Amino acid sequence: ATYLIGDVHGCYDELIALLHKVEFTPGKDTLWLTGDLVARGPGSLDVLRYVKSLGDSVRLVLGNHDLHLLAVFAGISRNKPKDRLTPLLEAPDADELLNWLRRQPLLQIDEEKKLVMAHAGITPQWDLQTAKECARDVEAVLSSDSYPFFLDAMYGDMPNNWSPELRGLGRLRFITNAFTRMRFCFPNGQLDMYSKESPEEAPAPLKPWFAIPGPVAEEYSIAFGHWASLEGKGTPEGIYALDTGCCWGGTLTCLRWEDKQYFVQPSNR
C-alpha cells in the first residue's frame, strides 16, 4: 500500500502511532512524506533517524524547515529556541543524518499513479518538465560540497514571477520559494510571500496556488503539506493538502492512495 503523511514537525510519537494504525510494513508498503520533518515538535532527532532508516520504503520531499535546519547546521543561520533542534544538532550522528537529508528530492513523481508531491505544491507557472528541471538544479546544489553557499543564497522573497530567462541567484531563490514556501498566488500565477492565513482570510486578489489552473495540476494529482492554516480542507479534486498541523495541537493526517482512505492521529501535545 501507498501512504502519504503531512508535516511531521518532530512529532515522532504521533508518526509512529499513525503508522501502527495502518500497519505500515516496509517491503509491502511505501510512505510519502511532505517534508518539514523537523522543528517545533520535540522529536526531530528520532524522526530523522527513523525516516532515514526506511530507505527505499520512503519518498521524501524537503520543506522549508528542513532547509532551515540545514542552514543552522552549516552555520548559515541562527538557531531559534522554539524550533527545538538542539538535540538533533548535538547528536553524534548529526553529520550522517543531515548529509542524508540534504540529498533528498524537492519533488516526487509516480507516473503510474499520476501523482506529484512537493512541500508547498506546484506553482501554476510550471509545467512538469520545468518543475523537474528546477528540482534537479536545486537538488544538485544541496547535494554538493558547496551547499552552505546555496543555503545562504536561498533567503529572500524576490523574484516572485517565473520566467525561463531567470538566471543565477534569483532563479534559485524563486525555485526554492515555489517548492517550499508557496501558498497564495496573484491571478497571473505570481507568488505572494507574506500571507500565511486560510484562503477565507486572504486579501484580494490573492488565491490559493491550487485555485489557478496549471498544466501539472490538470494532468496529475498533487499532494503537499506546508500550509497548516488550510487545515487540509477547501481543495479541488486531485489536490491533497496533507498538513493538518500536528505540531500545533492539530492532527497528523495519513492518506492511503489505493482507496483514498484517511487515517488521523491526534496531537499528544
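Just count from 1 along the sequence shown to find any residue number.
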37-45 or 197-205, whichever carries the higher mean Cα B-factor: 197-205
As stated in the PDB record, which stretch has the larger average Cα B-factor, 176-184 or 150-158? 150-158
Just grab whichever of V72, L88, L191, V116 has the top CA B-factor as deposited. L191
Which of these, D243, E218, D56, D66, has its C-alpha atom at the highest B-factor, as the entry lists it? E218
Where does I222 sit by CA temperature factor within its chain: lowest, middle or highest third? middle
Looking at the entry's B-factor column for C-alpha atoms only, identify whether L128 ranks in the lowest, middle or highest third of its chain. highest
Could you place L106 in the lowest, middle or highest third of its chain by Cα temperature factor, using the values in the record? lowest
Rank-wise, by C-alpha B-factor, drop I76 into the lowest, middle or highest third of its chain. middle
Would you please rank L62 by its C-alpha temperature factor against the other modelled residues of its chain and give the third it falls in: lowest, middle or highest? lowest
